[PDB]
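As a basis for the values below, the full set of heavy atoms in this structure was taken, side chains included, without hydrogen atoms, waters or symmetry mates. Quick note on labels: first sequence line is chain A, next is B, and so on, each numbered from 1.
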Amino acid sequence: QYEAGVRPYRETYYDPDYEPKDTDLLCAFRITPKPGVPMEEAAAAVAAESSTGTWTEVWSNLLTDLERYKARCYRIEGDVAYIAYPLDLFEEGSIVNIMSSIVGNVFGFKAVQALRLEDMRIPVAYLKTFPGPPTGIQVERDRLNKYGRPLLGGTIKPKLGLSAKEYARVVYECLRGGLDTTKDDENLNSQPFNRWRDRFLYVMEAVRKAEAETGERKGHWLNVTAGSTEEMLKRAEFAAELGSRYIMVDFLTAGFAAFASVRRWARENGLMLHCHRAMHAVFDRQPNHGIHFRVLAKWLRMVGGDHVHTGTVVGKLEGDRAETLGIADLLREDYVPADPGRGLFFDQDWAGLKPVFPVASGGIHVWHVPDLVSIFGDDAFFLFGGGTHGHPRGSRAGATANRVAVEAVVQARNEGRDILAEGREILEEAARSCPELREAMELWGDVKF
Amino acid sequence: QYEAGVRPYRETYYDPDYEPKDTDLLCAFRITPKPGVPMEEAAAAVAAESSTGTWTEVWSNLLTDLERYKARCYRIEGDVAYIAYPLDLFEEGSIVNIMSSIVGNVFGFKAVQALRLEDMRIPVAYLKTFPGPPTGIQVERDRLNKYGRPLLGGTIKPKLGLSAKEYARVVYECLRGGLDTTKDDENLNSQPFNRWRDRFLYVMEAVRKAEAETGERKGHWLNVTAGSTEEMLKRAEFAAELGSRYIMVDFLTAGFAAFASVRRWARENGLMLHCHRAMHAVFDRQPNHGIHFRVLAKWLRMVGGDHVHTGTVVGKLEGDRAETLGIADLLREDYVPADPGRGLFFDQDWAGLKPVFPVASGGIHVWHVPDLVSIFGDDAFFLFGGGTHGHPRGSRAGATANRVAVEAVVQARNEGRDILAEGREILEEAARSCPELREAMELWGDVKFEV
Amino acid sequence: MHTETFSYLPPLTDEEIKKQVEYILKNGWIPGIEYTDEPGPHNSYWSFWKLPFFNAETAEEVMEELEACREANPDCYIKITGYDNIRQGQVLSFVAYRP
Amino acid sequence: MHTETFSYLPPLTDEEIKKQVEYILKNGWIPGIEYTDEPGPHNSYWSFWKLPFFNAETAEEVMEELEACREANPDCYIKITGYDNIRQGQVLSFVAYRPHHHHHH
Amino acid sequence: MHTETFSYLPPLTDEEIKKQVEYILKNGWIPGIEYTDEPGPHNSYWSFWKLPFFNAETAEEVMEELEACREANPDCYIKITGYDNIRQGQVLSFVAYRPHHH
Amino acid sequence: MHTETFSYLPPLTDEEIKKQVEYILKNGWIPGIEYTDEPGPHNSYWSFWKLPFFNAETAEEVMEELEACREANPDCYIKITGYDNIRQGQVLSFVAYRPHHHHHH
Ligand SMILES: O=C(O)[C@@](O)(COP(=O)(O)O)[C@H](O)[C@H](O)COP(=O)(O)O
Ligand SMILES: O=C(O)[C@@](O)(COP(=O)(O)O)[C@H](O)[C@H](O)COP(=O)(O)O
Ligand SMILES: [Mg+2]
Ligand SMILES: [Mg+2]
């Protein structure tokens with residue numbers, strides 16, 4: 001009663017006359033076919049095996065409306081295949097479902113030897129099924145009462161190995177010296193040398209003490225990342241009982257289903273949510289295979305994180321300046337037009353979702369502050385871990401150096417100075433009044449990446 | 001008061017004199033340094049930045065004992081750096097914590113242009129803080145009353161688009177034709193055209209009807225994968241209320257913390273846990289950068305999935321024979337010696353954790369059955385989705401063809417026949433008593449994938 | 001035992017059954033045949049006679065299959081179905097033969 | 001009524017059965033015989049025909065017991081079991097005899 | 001008592017303050033002046049000096065209001081604000097005058 | 001206001017203090033100095049007088065810093081700390097200086 005047998009995927013799943021609907025989810029896939037497999041067939045294989053198809057015709061295809069439901073490759077430019085997915089294919093509010101289709105099996109086919117998801121056009125009708133950040137940039141600045149400059153943070157070091165009590169000594173010195181926030185390392189969860197309950201308690205003593213002493217609101221990104229969702233929610237609950245303004249989650253290692261659970265809990269309990277992108281470079285770094293960070297950044301903004309790391313460009317971890325500028329816009333703006341020169345393949349409307357703070361962290365020190373202010377502007381966190389505790393006089397002095405550097409560069413920008421052309425002179429001028437900053441500049445004056 | 005400033009990572013974190021302890025977690029990383037960065041410095045950067053270190057010396061290093069806590073690269077051989085991580089660094093029972101250290105930041109450093117985690121030795125002292133599978137191969141066979149052959153399953157197709165009622169019709173036809181199980185596609189969760197509660201109800205009616213009609217116990221891997229942990233647990237709950245033997249989770253797309261939540265739920269409720277590895281190839285496809293599936297497979301067995309997909313070798317998705325044999329041993333055996341020819345850089349003791357069923361799925365059909373029985377032996381599921389519903393006479397006939405193929409090959413193996421040399425002949429012999437099998441052999445005889 | 005649509009009318013003649021099949025085909029729907037010896041309200045999945053007739057072009061082809069199903073299963077209730085793949089739903093179902 | 005392993009193949013001849021018993025014995029597993037008139041999915045415990053044949057040394061001894069069981073219980077399904085005490089689990093079970101009515105519905 | 005943005009720099013001169021007012025105006029933001037004798041972290045709502053200066057066109061206008069606020073409230077902390085109605089958020093806030101008892 | 005270890009003994013002389021510092025150093029622990037005007041049970045973090053003396057080699061060096069701290073902060077309680085980085089914990093802490101008002105209530 002039907003035509004059984006194997007057909008090329010392109011017969012059903014390649015349609016170069018298809019016009020994408022404003023409700024379709026669009027993917028830009030970088031395809032490296034197995035040699036001898038044409039682009040059109042490789043693209044159709046990806047479109048088929050991420051939507052409705054499989055490797056041979058099935059009688060049950062005729063019990064549904066594949067014309068309505070199938071994904072289809074509708075355009076190919078070079079090695080980039082554009083595939084359109086009907087809105088009805090997706091579970092509302094579920095990044096987990098997006099991934100299970102779009103990146104579920106199609107990266108492992110023999111016919112397609114490498115595959116990278118470069119960008120995705122999330123349609124407004126699908127975006128509205130997501131709640132976005134639980135706080136968002138504007139409300140977070142209101143909660144902190146901080147306006148007009150990048151915010152200062154810093155990872156406590158050594159990454160692991162400090163007792164809970166001594167850990168919060170470092171926090172206290174940093175916050176009292178002028179950092180706005182400090183954070184647990186992504187891999188500091190609850191371990192034999194530092195269990196999370198003790199750390200949460202002592203850190204909040206330190207946060208409260210620094211807030212009272214300086215008069216500025218403080219916070220610490222208490223890492224709730226744990227082996228199970230229930231454990232993360234219990235840690236978040238205790239952070240809330242202690243009056244922490246923040247918790248933190250490693251959203252990729254905990255994973256998107258638990259991340260969604262934490263976002264809901266954070267919103268309902270008045271906590272702001274720092275998101276660490278641990279694991280991202282396992283699959284977003286190489287240009288031939290994986291998922292570009294700008295896609296991860298879109299998904300992050302949808303579930304709802306209040307901040308996510310974006311790289312520094314100039315620090316110890318790899319970053320591309322043009323890509324980073326586009327990602328910053330994707331995280332912060334209401335609407336981002338396509339721009340091939342930043343790898344933004346699609347226009348992205350954000351459907352009124354709240355914006356996310358970019359976070360620049362990793363191997364940075366005072367000499368980087370002119371470049372960082374130039375790249376990110378005010379709505380970012382700059383984190384100095386090593387660049388704080390590695391100060392010759394320790395963490396309080398390091399925090400002061402870093403806070404002064406940011407403020408001096410912001411002041412100079414606002415006065416109309418060229419902070420790139422005059423960056424060194426701006427810092428030297430501020431160091432004339434700030435020995436902490438002079439010592440930091442001397443220590444790290446030869447350290448570049 | 002301390003020596004501030006930047007030092008090479010190798011000063012603290014490269015120690016070729018270090019003797020790994022039986023309690024250390026060991027990693028084998030294939031490293032491609034930035035040109036001009038020595039291997040020793042690149043390996044030391046990975047060790048430092050996945051344990052205790054950062055880019056400049058900090059006063060607070062002197063408040064702890066880096067000799068106790070630092071990871072250290074203790075051997076570099078070719079392009080592989082061996083790195084030892086002290087037991088103390090890890091949170092008991094947390095795969096999430098393992099990932100946050102071992103693969104957290106170290107794949108994105110300027111100094112290390114590509115990095116491939118090939119293998120990890122999980123020490124017994126840490127492994128036994130994990131529970132392993134809630135069921136295990138032997139208990140599952142007892143629950144199903146199925147002994148002495150591979151088990152048959154298959155994904156319902158089209159992946160998406162069937163109503164709940166017609167989805168369950170396909171299930172019914174498959175199960176009553178001789179498949180042991182059927183499953184939801186990994187991307188079938190709850191959608192406008194097929195909402196999960198409707199599917200779960202109708203599918204279990206089909207399962208019960210097929211079991212009563214055939215006399216054989218059946219199951220369907222109901223996919224509980226959802227956008228939040230709470231929603232996944234709600235779906236698991238309903239499957240339990242309907243008396244399903246099984247639930248299914250996409251453990252990597254849902255993620256390990258939600259997976260662990262479902263595994264605890266599964267222990268409290270007695271359902272078996274099918275684990276789909278959707279997204280794994282995003283991480284594991286390329287040989288220069290990423291995480292090899294064998295590592296993910298270890299993590300899977302530690303949390304406690306009862307099955308995981310391992311690849312087919314011969315079907316539509318990539319999978320090399322040697323690596324797949326290594327992965328099957330890692331999933332099933334109590335102790336697995338190293339063999340770098342299979343990518344096993346370390347020996348792995350499982351210290352009594354239960355074995356996981358390998359699941360071979362994707363682009364396979366009747367002609368693959370001799371090779372599949374040769375590769376996996378009895379203790380595997382073979383799934384035919386397209387290879388069942390794409391039969392000329394539909395899903396019941398397709399299921400029968402696949403079931404007969406497996407049984408004929410098993411019978412022949414047990415009689416002493418060489419199922420590789422005689423595999424095609426054994427299928428031809430069986431097809432003389434089974435027209436469904438003949439029709440399947442004829443339809444797909446020219447359909448081959450490279451191996 | 002009532003059998004849902006048309007069960008409250010007199011048993012359909014072959015001519016009357018054919019007209020319903022013609023209606024299924026005229027609307028572009030897929031005709032099918034199912035049968036069972038347990039037609040009660042517990043039973044959601046009667047036995048398929050072959051597959052749904054995706055390729056059928058004429059009502060006469062369907063009536064030949066009905067007669068063949070009747071001859072193989074004279075102790076069963078036999079129903080004609082019509083399936084609309086655009087709504088993913090059965091759009092007409094009635095019993096054509098009672099044992 | 002399908003009866004699990006080999007149920008989808010033609011009913012086994014005595015020579016085919018004996019080869020399966022030889023497979024059990026050659027791997028050091030324990031052959032056994034069980035029977036029932038209620039073979040469906042709710043029945044996990046068929047009736048023992050004697051205890052498992054712990055001391056069986058040849059397939060012939062087992063075939064002689066199968067013959068005795070099927071003469072004593074011609075109205076029953078009769079299965080051969082193959083038990084591995086090392087893993088505490090059955091490694092092969094299959095029906096060797098089905099009653100007359102099975103093939104005449 | 002630190003006072004958030006620019007608090008870690010030397011207290012601003014009138015000329016430095018005016019440059020920051022010029023930056024607010026150049027960007028099309030709304031300058032404002034607020035004051036309090038309780039500047040600590042519990043206080044989210046300083047007293048407005050008049051309304052935000054929606055109609056201000058020059059920095060000298062704002063500087064005159066700052067001086068007027070200080071003369072009337074010499075015991076208070078006085079801050080300059082800049083508001084962006086398109087983001088619905090404050091975009092710059094810094095203390096321009098601290099009382100003698102600071 | 002009791003101040004934990006040795007608080008129930010007579011206030012320590014400088015020679016008694018130095019012997020305790022010698023005990024810290026001889027066991028390879030890190031001496032430090034901290035001070036506060038709020039010594040009670042809600043205060044876990046007194047103010048550092050410089051960082052812990054990681055590089056101190058003699059008790060005399062530590063006594064010179066104690067003298068400097070008590071001259072700079074005569075209104076504060078001042079404690080000697082003794083930190084063991086091998087266990088990540090203080091192994092001895094005691095007050096070496098109390099302000100005048102302590103002894104006159
Ligand atoms: O573990 C680390 O290396 C860090 O704490 C930085 O420490 P330092 O401040 O001492 O360099 C951050 O987690 C990285 O910046 C994350 O990388 P990214 O921001 O690119 O996600
Ligand atoms: O979506 C699919 O393609 C499948 O349902 C197979 O359908 P077919 O049976 O019709 O091929 C399975 O999910 C893949 O086999 C998983 O790949 P793996 O097992 O390698 O993780
Ligand atoms: Mg970190
Ligand atoms: Mg699938």
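B/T56 places none of its side-chain heavy atoms less than 4.5 Å from the side chain of A/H389. For the pair A/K316/B/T54, a side-chain contact is recorded, criterion being any heavy-atom separation below 4.5 Å from C-beta on. Residues A/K34 and B/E450 meet the side-chain proximity criterion, which asks for heavy atoms closer than 4.5 Å. Within the 4.5 Å cutoff, no side-chain heavy atoms of A/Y69 are placed close to those of B/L160. Side-chain contact check for B/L89 versus A/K159: every heavy-atom pair is 4.5 Å or farther apart. Side-chain contact between B/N105 and A/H276 is present, with heavy atoms from C-beta onward closer than 4.5 Å. Contact annotation: the side chain of A/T253 never approaches that of B/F256 to less than 4.5 Å [non-hydrogen atoms, C-beta and beyond].
Side chain of A/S60 to main chain of B/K157: a donor-acceptor pair is present (N/O by atom type, distance under 3.5 Å, no hydrogens or angles). Put simply, the side chain of B/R285 never gets that close to the backbone of A/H289: no donor and acceptor are under 3.5 Å apart. In this structure, the side chain of A/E318 does not engage the main chain of B/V112 through any donor-acceptor pair within 3.5 Å. In this structure, A/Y2 contributes its side chain and B/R393 its backbone to no donor-acceptor pair below 3.5 Å. The main-chain N or O of A/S190 is found under 3.5 Å from a side-chain atom of B/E91 such that the two form a donor-acceptor pair.
Contact detail for B/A4 and A/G390: the closest heavy-atom pair is CB-O, 3.7 Å. Heavy atoms only, all atoms of each residue included: B/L63 and A/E166 are closest at CD1-CG, 4.0 Å.
Of the two parts of A/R263, neither the backbone nor the side chain holds a non-hydrogen atom closer than 4.5 Å to a non-hydrogen atom of chain B. Heavy atoms of A/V262 lying under 4.5 Å from chain B are absent altogether. The contact between A/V447 and chain B is made entirely by side chain atoms (from C-beta outward), counting heavy-atom distances below 4.5 Å. Only the side chain of A/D250 comes within less than 4.5 Å of a heavy atom in chain B; its backbone stays farther off. With a 4.5 Å cut-off on non-hydrogen atoms, A/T52 touches chain B through its backbone and its side chain both. Of the atoms belonging to A/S50, it is backbone heavy atoms, and not side-chain ones, that fall under 4.5 Å from chain B. Residue contact with chain A, scored on non-hydrogen atoms closer than 4.5 Å, is absent for B/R116. Using a 4.5 Å cut-off between heavy atoms, B/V447 touches chain A through its side chain atoms alone. Only the backbone of A/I364 comes within contact range of chain B, with heavy atoms under 4.5 Å apart. A/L87 does not touch chain B: none of its heavy atoms, backbone or side chain, sits under 4.5 Å away. Using a 4.5 Å cut-off between heavy atoms, A/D65 does not touch chain B at all. Contacts between A/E186 and chain B at a heavy-atom distance below 4.5 Å involve backbone atoms as well as side-chain atoms. Looking at A/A48, only its backbone comes within 4.5 Å of chain B, counting heavy atoms on both sides. Neither the backbone nor the side chain of A/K70 comes within less than 4.5 Å of any heavy atom in chain B. Proximity to chain B involves both the backbone and the side chain of A/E49, based on heavy atoms less than 4.5 angstrom apart.
We find the CE-CE distance between B/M99 and A/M279 to be 5.5 Å, quoted to the nearest 0.5 Å. To the nearest 0.5 Å, atoms OH (B/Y167) and OG1 (A/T64) are separated by 13.5 Å. If you take OG1 on A/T229 and CE on B/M232, they are separated by 8.5 Å, rounding to the nearest 0.5 Å.
Ranked by heavy-atom pairs under 4.5 Å with chain A, the list B/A278, B/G255, B/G319 is led by B/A278. Each of B/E57, B/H391, B/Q286 has some count of heavy-atom pairs under 4.5 Å with chain A, and the biggest count is that of B/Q286. Note on B/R169, B/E3, B/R195: by heavy-atom pairs under 4.5 Å with chain A, the leading option is B/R195. When the candidates A/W196, A/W444, A/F90, A/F449 are compared by the number of heavy-atom contacts under 4.5 Å with chain B, A/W444 comes out ahead. Counting heavy-atom pairs closer than 4.5 Å to chain B, the top residue among A/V303, A/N194, A/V103 is A/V103. By number of non-hydrogen pairs under 4.5 angstrom with chain B, the leading residue of A/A111, A/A114, A/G108 is A/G108. Of the listed residues B/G227, B/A257, B/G363, the one with more heavy-atom pairs under 4.5 angstrom with chain A than any other is B/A257. Chosen from A/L162, A/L443, A/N97, the residue pairing most often with chain B at heavy-atom distances under 4.5 Å is A/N97. Most heavy-atom pairs under 4.5 Å with chain A, from the set B/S51, B/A258, B/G53, B/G362: that is B/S51. Considering only heavy-atom pairs separated by less than 4.5 Å from chain B, the leading option among A/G311, A/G5, A/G290 is A/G5. Among A/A260, A/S94, A/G161, the residue with the largest count of heavy-atom pairs under 4.5 Å with chain B is A/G161. If you tally non-hydrogen atom pairs under 4.5 Å between each of B/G385, B/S101, B/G93 and chain A, the highest count goes to B/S101.
Side-chain atoms of B/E230 and A/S261 form a donor-acceptor pair, as typed in the model, at a separation below 3.5 Å. Side-chain contact annotation: A/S100 with B/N187, donor-acceptor N/O pair under 3.5 Å absent. Residues A/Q191 and B/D88 have side chains that never bring a donor and an acceptor to within less than 3.5 angstrom of each other.
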Subject >> side chain to side chain contact (heavy atoms under 4.5 Å, CB included) between B/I291 and A/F283, intermediate numbers included >> reply: CA-CA 9 Å; B/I291 301 167; A/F283 57 99; over 6 Å; no
Original post:
Yes or no on side chain to side chain contact (heavy atoms under 4.5 Å, CB included) for B/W59 and A/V170, after CA distance, side-chain angles and deciding distance?
Top reply: CA-CA 10 Å; B/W59 74 276; A/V170 186; 4.0 Å; yes
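Using bins of under 30°, 30° to 60° and over 60° for the plane-to-plane angle, the ring pair B/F449/A/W55 lands in the perpendicular bin.
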